[PDB]
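Source file: run.cif (mmCIF, N, CA and C atoms and all ligand atoms)
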data_final
#
loop_
_atom_site.label_atom_id
_atom_site.label_comp_id
_atom_site.auth_asym_id
_atom_site.auth_seq_id
_atom_site.Cartn_x
_atom_site.Cartn_y
_atom_site.Cartn_z
N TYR K 1 -6.83 4.41 -2.93
CA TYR K 1 -6.83 3.55 -1.84
C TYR K 1 -8.23 3.58 -1.56
N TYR K 2 -8.97 2.54 -1.73
CA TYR K 2 -10.29 2.65 -1.23
C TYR K 2 -10.71 1.45 -0.48
N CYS K 3 -11.29 1.54 0.67
CA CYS K 3 -11.56 0.35 1.37
C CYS K 3 -13.02 0.15 1.47
N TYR K 4 -13.51 -1.07 1.32
CA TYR K 4 -14.97 -1.26 1.54
C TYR K 4 -15.12 -2.08 2.78
N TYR K 5 -15.56 -1.48 3.90
CA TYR K 5 -15.60 -2.37 4.98
C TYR K 5 -16.78 -3.07 4.75
N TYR M 1 -13.86 -7.20 4.50
CA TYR M 1 -13.07 -6.08 4.64
C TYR M 1 -12.27 -6.26 3.47
N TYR M 2 -12.35 -5.45 2.47
CA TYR M 2 -11.36 -5.62 1.47
C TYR M 2 -10.78 -4.34 1.02
N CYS M 3 -9.50 -4.18 0.90
CA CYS M 3 -9.02 -2.90 0.57
C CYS M 3 -8.41 -2.93 -0.77
N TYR M 4 -8.60 -1.90 -1.57
CA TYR M 4 -7.87 -1.91 -2.87
C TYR M 4 -6.88 -0.79 -2.81
N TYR M 5 -5.58 -1.10 -2.69
CA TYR M 5 -4.78 0.04 -2.60
C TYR M 5 -4.68 0.45 -3.93
N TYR Q 1 -2.48 -3.62 -5.82
CA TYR Q 1 -2.20 -4.30 -4.64
C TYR Q 1 -3.53 -4.35 -4.13
N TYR Q 2 -4.17 -5.47 -4.03
CA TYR Q 2 -5.39 -5.40 -3.32
C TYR Q 2 -5.55 -6.51 -2.36
N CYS Q 3 -5.94 -6.30 -1.14
CA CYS Q 3 -5.96 -7.40 -0.26
C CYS Q 3 -7.36 -7.71 0.12
N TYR Q 4 -7.73 -8.98 0.22
CA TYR Q 4 -9.10 -9.25 0.72
C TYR Q 4 -8.96 -9.89 2.06
N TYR Q 5 -9.27 -9.18 3.15
CA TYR Q 5 -9.04 -9.89 4.33
C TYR Q 5 -10.15 -10.72 4.41
N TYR S 1 -6.87 -14.58 4.18
CA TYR S 1 -6.19 -13.38 4.03
C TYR S 1 -5.58 -13.66 2.77
N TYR S 2 -5.92 -13.01 1.71
CA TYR S 2 -5.09 -13.24 0.58
C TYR S 2 -4.73 -12.00 -0.13
N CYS S 3 -3.52 -11.75 -0.49
CA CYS S 3 -3.25 -10.50 -1.06
C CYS S 3 -2.86 -10.66 -2.48
N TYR S 4 -3.29 -9.78 -3.36
CA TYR S 4 -2.79 -9.92 -4.75
C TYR S 4 -1.93 -8.73 -5.02
N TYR S 5 -0.61 -8.90 -5.09
CA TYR S 5 0.07 -7.69 -5.29
C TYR S 5 -0.09 -7.48 -6.66
N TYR W 1 16.15 0.06 4.70
CA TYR W 1 14.91 0.08 4.08
C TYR W 1 14.77 -1.33 3.89
N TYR W 2 13.86 -2.00 4.53
CA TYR W 2 13.69 -3.33 4.09
C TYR W 2 12.27 -3.71 3.95
N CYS W 3 11.83 -4.32 2.90
CA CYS W 3 10.45 -4.54 2.79
C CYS W 3 10.16 -5.99 2.86
N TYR W 4 9.09 -6.39 3.53
CA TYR W 4 8.78 -7.84 3.48
C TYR W 4 7.50 -7.97 2.72
N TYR W 5 7.54 -8.49 1.49
CA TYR W 5 6.28 -8.51 0.88
C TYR W 5 5.69 -9.63 1.45
N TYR P 1 2.44 -6.98 3.38
CA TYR P 1 3.41 -6.21 2.77
C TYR P 1 3.71 -5.36 3.88
N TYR P 2 4.85 -5.42 4.48
CA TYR P 2 5.09 -4.39 5.42
C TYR P 2 6.45 -3.81 5.30
N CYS P 3 6.63 -2.53 5.29
CA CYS P 3 7.94 -2.06 5.06
C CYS P 3 8.45 -1.39 6.28
N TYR P 4 9.72 -1.57 6.63
CA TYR P 4 10.23 -0.80 7.78
C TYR P 4 11.22 0.18 7.25
N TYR P 5 10.89 1.48 7.19
CA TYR P 5 11.90 2.26 6.62
C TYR P 5 12.80 2.41 7.67
N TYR A 1 9.75 4.67 11.11
CA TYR A 1 8.66 4.90 10.28
C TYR A 1 8.43 3.55 9.89
N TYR A 2 7.36 2.92 10.26
CA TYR A 2 7.16 1.67 9.63
C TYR A 2 5.76 1.47 9.19
N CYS A 3 5.48 1.03 8.01
CA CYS A 3 4.13 0.98 7.63
C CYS A 3 3.71 -0.43 7.46
N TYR A 4 2.51 -0.79 7.86
CA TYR A 4 2.08 -2.18 7.58
C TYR A 4 0.97 -2.09 6.59
N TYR A 5 1.19 -2.46 5.33
CA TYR A 5 0.07 -2.28 4.51
C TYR A 5 -0.71 -3.38 4.82
N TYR N 1 -4.03 -0.63 6.48
CA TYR N 1 -2.89 0.09 6.15
C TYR N 1 -2.74 0.77 7.40
N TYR N 2 -1.73 0.52 8.18
CA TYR N 2 -1.59 1.41 9.27
C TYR N 2 -0.19 1.85 9.47
N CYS N 3 0.10 3.09 9.66
CA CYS N 3 1.46 3.44 9.73
C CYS N 3 1.79 3.91 11.09
N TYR N 4 2.95 3.55 11.63
CA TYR N 4 3.30 4.13 12.95
C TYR N 4 4.46 5.05 12.74
N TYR N 5 4.25 6.37 12.79
CA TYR N 5 5.42 7.10 12.51
C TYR N 5 6.11 7.03 13.72
N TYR C 1 -0.39 2.77 -15.73
CA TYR C 1 -0.62 2.50 -14.39
C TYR C 1 0.62 1.87 -14.09
N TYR C 2 1.48 2.42 -13.30
CA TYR C 2 2.57 1.60 -12.93
C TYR C 2 2.87 1.67 -11.48
N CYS C 3 3.08 0.61 -10.78
CA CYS C 3 3.25 0.75 -9.40
C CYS C 3 4.63 0.38 -9.02
N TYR C 4 5.24 1.09 -8.09
CA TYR C 4 6.58 0.62 -7.66
C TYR C 4 6.44 0.18 -6.24
N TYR C 5 6.48 -1.13 -5.97
CA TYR C 5 6.29 -1.40 -4.61
C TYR C 5 7.54 -1.14 -4.07
N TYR O 1 5.77 2.30 -1.54
CA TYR O 1 4.83 1.78 -2.42
C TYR O 1 4.43 3.02 -3.01
N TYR O 2 4.70 3.28 -4.25
CA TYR O 2 4.07 4.44 -4.77
C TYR O 2 3.48 4.22 -6.11
N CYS O 3 2.29 4.61 -6.39
CA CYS O 3 1.75 4.26 -7.65
C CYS O 3 1.56 5.48 -8.46
N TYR O 4 1.85 5.44 -9.75
CA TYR O 4 1.54 6.64 -10.57
C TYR O 4 0.43 6.27 -11.49
N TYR O 5 -0.80 6.74 -11.26
CA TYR O 5 -1.74 6.27 -12.18
C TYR O 5 -1.51 7.06 -13.29
N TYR U 1 -2.38 11.68 -11.26
CA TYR U 1 -2.89 11.26 -10.03
C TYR U 1 -1.76 10.49 -9.62
N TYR U 2 -1.03 10.85 -8.61
CA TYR U 2 -0.09 9.89 -8.18
C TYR U 2 -0.06 9.74 -6.71
N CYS U 3 -0.06 8.59 -6.15
CA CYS U 3 -0.15 8.53 -4.74
C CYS U 3 1.11 7.98 -4.19
N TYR U 4 1.59 8.51 -3.08
CA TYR U 4 2.79 7.86 -2.49
C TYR U 4 2.36 7.26 -1.19
N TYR U 5 2.25 5.93 -1.11
CA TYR U 5 1.79 5.51 0.14
C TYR U 5 2.94 5.58 0.93
N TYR G 1 0.98 8.82 3.57
CA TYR G 1 0.18 8.51 2.48
C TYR G 1 -0.01 9.85 2.01
N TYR G 2 0.50 10.23 0.88
CA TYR G 2 0.06 11.50 0.43
C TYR G 2 -0.28 11.51 -1.01
N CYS G 3 -1.37 12.05 -1.43
CA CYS G 3 -1.68 11.92 -2.80
C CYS G 3 -1.63 13.25 -3.45
N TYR G 4 -1.11 13.34 -4.67
CA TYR G 4 -1.19 14.66 -5.34
C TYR G 4 -2.12 14.51 -6.49
N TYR G 5 -3.34 15.07 -6.41
CA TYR G 5 -4.12 14.81 -7.54
C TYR G 5 -3.63 15.71 -8.47
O1 LIG K 101 -21.60 -1.66 -2.86
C1 LIG K 101 -21.89 -0.51 -2.42
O2 LIG K 101 -22.83 -0.37 -1.60
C2 LIG K 101 -21.11 0.67 -2.86
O3 LIG K 101 -19.70 0.27 -3.15
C3 LIG K 101 -18.90 1.40 -3.65
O4 LIG K 101 -17.64 0.98 -3.95
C4 LIG K 101 -19.55 2.01 -4.92
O5 LIG K 101 -18.81 3.14 -5.34
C5 LIG K 101 -20.96 2.41 -4.62
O6 LIG K 101 -21.57 2.92 -5.85
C6 LIG K 101 -21.77 1.27 -4.12
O7 LIG K 101 -23.09 1.72 -3.81
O1 LIG K 102 -16.28 -10.86 -2.35
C1 LIG K 102 -16.61 -9.69 -2.02
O2 LIG K 102 -17.42 -9.51 -1.07
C2 LIG K 102 -16.05 -8.53 -2.74
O3 LIG K 102 -14.67 -8.84 -3.22
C3 LIG K 102 -14.09 -7.73 -4.00
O4 LIG K 102 -12.86 -8.08 -4.46
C4 LIG K 102 -15.01 -7.38 -5.19
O5 LIG K 102 -14.47 -6.26 -5.89
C5 LIG K 102 -16.39 -7.06 -4.71
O6 LIG K 102 -17.24 -6.79 -5.86
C6 LIG K 102 -16.97 -8.18 -3.93
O7 LIG K 102 -18.26 -7.81 -3.45
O1 LIG K 103 -10.51 -3.98 -10.72
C1 LIG K 103 -9.47 -4.69 -10.70
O2 LIG K 103 -8.51 -4.43 -11.48
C2 LIG K 103 -9.37 -5.83 -9.76
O3 LIG K 103 -10.14 -5.52 -8.51
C3 LIG K 103 -10.12 -6.65 -7.56
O4 LIG K 103 -10.88 -6.35 -6.47
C4 LIG K 103 -10.67 -7.93 -8.23
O5 LIG K 103 -10.57 -9.02 -7.33
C5 LIG K 103 -9.89 -8.24 -9.48
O6 LIG K 103 -10.47 -9.41 -10.12
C6 LIG K 103 -9.91 -7.10 -10.43
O7 LIG K 103 -9.12 -7.42 -11.58
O1 LIG K 104 -6.42 -13.34 -11.68
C1 LIG K 104 -5.32 -13.95 -11.75
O2 LIG K 104 -4.54 -13.73 -12.71
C2 LIG K 104 -4.95 -14.92 -10.70
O3 LIG K 104 -5.53 -14.50 -9.39
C3 LIG K 104 -5.23 -15.48 -8.32
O4 LIG K 104 -5.83 -15.09 -7.16
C4 LIG K 104 -5.74 -16.89 -8.71
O5 LIG K 104 -5.38 -17.82 -7.71
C5 LIG K 104 -5.14 -17.30 -10.03
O6 LIG K 104 -5.68 -18.60 -10.40
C6 LIG K 104 -5.45 -16.32 -11.10
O7 LIG K 104 -4.82 -16.74 -12.32
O1 LIG K 105 10.27 -14.06 9.14
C1 LIG K 105 10.75 -14.63 8.13
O2 LIG K 105 10.20 -15.67 7.68
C2 LIG K 105 11.95 -14.09 7.47
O3 LIG K 105 11.99 -12.60 7.61
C3 LIG K 105 13.21 -12.02 7.01
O4 LIG K 105 13.22 -10.67 7.22
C4 LIG K 105 14.47 -12.65 7.64
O5 LIG K 105 15.63 -12.13 7.01
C5 LIG K 105 14.43 -14.14 7.49
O6 LIG K 105 15.61 -14.71 8.15
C6 LIG K 105 13.21 -14.72 8.09
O7 LIG K 105 13.20 -16.14 7.88
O1 LIG K 106 1.94 -9.12 12.54
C1 LIG K 106 2.55 -9.63 11.57
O2 LIG K 106 2.00 -10.54 10.89
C2 LIG K 106 3.90 -9.15 11.20
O3 LIG K 106 4.04 -7.70 11.54
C3 LIG K 106 5.39 -7.19 11.25
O4 LIG K 106 5.49 -5.89 11.63
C4 LIG K 106 6.45 -8.03 12.01
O5 LIG K 106 7.75 -7.57 11.66
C5 LIG K 106 6.32 -9.48 11.66
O6 LIG K 106 7.29 -10.24 12.43
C6 LIG K 106 4.96 -9.99 11.95
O7 LIG K 106 4.86 -11.36 11.56
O1 LIG K 107 11.40 -1.91 15.59
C1 LIG K 107 10.41 -1.16 15.78
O2 LIG K 107 10.58 0.00 16.25
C2 LIG K 107 9.05 -1.63 15.45
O3 LIG K 107 9.10 -2.57 14.29
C3 LIG K 107 7.77 -3.11 13.95
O4 LIG K 107 7.87 -4.00 12.93
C4 LIG K 107 7.15 -3.81 15.19
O5 LIG K 107 5.84 -4.26 14.87
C5 LIG K 107 7.09 -2.86 16.34
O6 LIG K 107 6.56 -3.56 17.51
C6 LIG K 107 8.43 -2.32 16.68
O7 LIG K 107 8.32 -1.38 17.75
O1 LIG K 108 2.89 2.02 20.63
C1 LIG K 108 1.94 2.85 20.74
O2 LIG K 108 2.12 3.91 21.38
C2 LIG K 108 0.63 2.57 20.11
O3 LIG K 108 0.82 1.76 18.86
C3 LIG K 108 -0.47 1.42 18.24
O4 LIG K 108 -0.25 0.64 17.14
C4 LIG K 108 -1.37 0.65 19.24
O5 LIG K 108 -2.63 0.39 18.64
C5 LIG K 108 -1.56 1.46 20.48
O6 LIG K 108 -2.36 0.70 21.43
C6 LIG K 108 -0.26 1.81 21.11
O7 LIG K 108 -0.50 2.63 22.27
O1 LIG K 109 14.41 3.24 -9.85
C1 LIG K 109 14.58 2.01 -10.05
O2 LIG K 109 15.39 1.37 -9.34
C2 LIG K 109 13.83 1.32 -11.13
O3 LIG K 109 12.49 1.96 -11.31
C3 LIG K 109 11.73 1.34 -12.41
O4 LIG K 109 10.55 1.99 -12.58
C4 LIG K 109 12.54 1.40 -13.73
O5 LIG K 109 11.82 0.73 -14.76
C5 LIG K 109 13.88 0.75 -13.54
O6 LIG K 109 14.64 0.87 -14.78
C6 LIG K 109 14.64 1.38 -12.43
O7 LIG K 109 15.89 0.69 -12.26
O1 LIG K 110 11.05 9.98 -2.88
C1 LIG K 110 11.17 8.78 -3.22
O2 LIG K 110 11.79 7.97 -2.47
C2 LIG K 110 10.59 8.30 -4.50
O3 LIG K 110 9.35 9.09 -4.82
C3 LIG K 110 8.77 8.68 -6.11
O4 LIG K 110 7.69 9.46 -6.39
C4 LIG K 110 9.81 8.83 -7.25
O5 LIG K 110 9.26 8.38 -8.47
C5 LIG K 110 11.05 8.04 -6.92
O6 LIG K 110 12.03 8.25 -7.98
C6 LIG K 110 11.63 8.45 -5.62
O7 LIG K 110 12.77 7.63 -5.34
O1 LIG K 111 5.36 13.07 -13.32
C1 LIG K 111 4.73 13.73 -12.46
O2 LIG K 111 3.82 14.53 -12.82
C2 LIG K 111 5.06 13.59 -11.02
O3 LIG K 111 5.52 12.19 -10.75
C3 LIG K 111 5.91 12.01 -9.34
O4 LIG K 111 6.38 10.74 -9.14
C4 LIG K 111 7.01 13.03 -8.94
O5 LIG K 111 7.32 12.88 -7.57
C5 LIG K 111 6.54 14.42 -9.22
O6 LIG K 111 7.61 15.36 -8.90
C6 LIG K 111 6.15 14.60 -10.64
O7 LIG K 111 5.66 15.93 -10.83
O1 LIG K 112 3.53 20.99 -6.45
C1 LIG K 112 2.80 21.60 -5.62
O2 LIG K 112 2.03 22.51 -6.01
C2 LIG K 112 2.84 21.24 -4.18
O3 LIG K 112 3.15 19.78 -4.03
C3 LIG K 112 3.25 19.38 -2.62
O4 LIG K 112 3.59 18.07 -2.53
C4 LIG K 112 4.33 20.24 -1.90
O5 LIG K 112 4.37 19.89 -0.52
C5 LIG K 112 4.02 21.69 -2.04
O6 LIG K 112 5.08 22.47 -1.41
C6 LIG K 112 3.91 22.09 -3.47
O7 LIG K 112 3.56 23.47 -3.56
#
As a first step, turn the structure in this file into structure tokens.
Ligand SMILES: O=C(O)[C@H]1O[C@@H](O)[C@H](O)[C@@H](O)[C@@H]1O
Ligand SMILES: O=C(O)[C@H]1O[C@@H](O)[C@H](O)[C@@H](O)[C@@H]1O
Ligand SMILES: O=C(O)[C@H]1O[C@@H](O)[C@H](O)[C@@H](O)[C@@H]1O
Ligand SMILES: O=C(O)[C@H]1O[C@@H](O)[C@H](O)[C@@H](O)[C@@H]1O
Ligand SMILES: O=C(O)[C@H]1O[C@@H](O)[C@H](O)[C@@H](O)[C@@H]1O
Ligand SMILES: O=C(O)[C@H]1O[C@@H](O)[C@H](O)[C@@H](O)[C@@H]1O
Ligand SMILES: O=C(O)[C@H]1O[C@@H](O)[C@H](O)[C@@H](O)[C@@H]1O
Ligand SMILES: O=C(O)[C@H]1O[C@@H](O)[C@H](O)[C@@H](O)[C@@H]1O
Ligand SMILES: O=C(O)[C@H]1O[C@@H](O)[C@H](O)[C@@H](O)[C@@H]1O
Ligand SMILES: O=C(O)[C@H]1O[C@@H](O)[C@H](O)[C@@H](O)[C@@H]1O
Ligand SMILES: O=C(O)[C@H]1O[C@@H](O)[C@H](O)[C@@H](O)[C@@H]1O
Ligand SMILES: O=C(O)[C@H]1O[C@@H](O)[C@H](O)[C@@H](O)[C@@H]1O
Amino acid sequence: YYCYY
Amino acid sequence: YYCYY
Amino acid sequence: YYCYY
Amino acid sequence: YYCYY
Amino acid sequence: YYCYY
Amino acid sequence: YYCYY
Amino acid sequence: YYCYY
Amino acid sequence: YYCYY
Amino acid sequence: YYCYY
Amino acid sequence: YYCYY
Amino acid sequence: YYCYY
Amino acid sequence: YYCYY
């Protein structure tokens, strides 16, 4: 799960 | 904002 | 599953 | 908002 | 259990 | 995608 | 328990 | 992704 | 890679 | 949603 | 590596 | 969300 804000 | 679950 | 808001 | 499941 | 994709 | 368990 | 992905 | 337990 | 939604 | 990489 | 969201 | 590496 990786988020790039 | 993009998330890769 | 990847979402691009 | 587009999601690619 | 109900999922709404 | 939202699930309600 | 409800999750909103 | 937010879950409300 | 297998996902079970 | 469970993924097994 | 297995994740259970 | 629990991951078992
Ligand atoms: O675009 C970025 O700044 C960063 O994005 C992340 O996903 C990459 O792992 C990192 O190496 C990049 O520096
Ligand atoms: O359009 C964007 O900003 C981003 O969209 C994501 O899906 C791509 O993985 C990333 O490389 C892009 O920078
Ligand atoms: O790395 C991936 O498998 C995917 O990552 C997503 O962000 C991109 O939009 C998609 O084109 C790629 O196929
Ligand atoms: O990468 C893909 O297979 C698909 O991704 C979707 O977002 C595009 O609308 C579609 O035209 C592509 O064929
Ligand atoms: O919100 C919706 O569009 C739909 O959501 C589903 O869960 C309901 O069973 C269906 O009757 C609704 O039309
Ligand atoms: O905020 C949303 O888009 C959705 O969030 C879900 O939890 C609700 O069951 C659905 O009726 C909403 O349309
Ligand atoms: O039924 C429930 O407990 C919950 O279901 C979720 O989808 C709604 O977003 C939340 O407002 C409700 O409190
Ligand atoms: O229902 C709740 O207690 C909480 O649910 C969260 O999603 C809301 O962000 C928060 O403002 C509420 O206080
Ligand atoms: O557990 C399940 O319902 C399903 O899980 C999938 O991964 C299997 O390919 C399918 O044969 C099963 O019926
Ligand atoms: O605990 C669960 O509901 C699920 O957890 C997953 O990791 C298992 O592959 C699946 O067979 C189970 O049904
Ligand atoms: O195959 C595996 O290593 C693992 O796959 C997961 O889905 C099961 O929940 C876990 O008990 C197994 O040890
Ligand atoms: O398999 C393991 O080592 C561990 O996996 C975790 O998910 C269990 O909560 C923990 O009790 C086990 O000891």
*Counting all atoms listed in the file, name the residues that have an atom within 8 Å of an atom of ligand LIG 106 (chain K); the answer should be given as an MDAnalysis selection string.*
(chainID P and resid 1:4) or (chainID A and resid 2:4)
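You will find atom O2 of ligand LIG 107 (chain K) at 9.5 Å from atom CA of residue N:5.
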Please write out, as JSON, where the centre of an axis-aligned box around all listed atoms of ligand LIG 105 (chain K) lies and how long its edges are, in Å to one decimal, after adding 6 Å on each side.
{"center_x": 12.9, "center_y": -13.4, "center_z": 8.1, "size_x": 17.4, "size_y": 17.5, "size_z": 14.1}
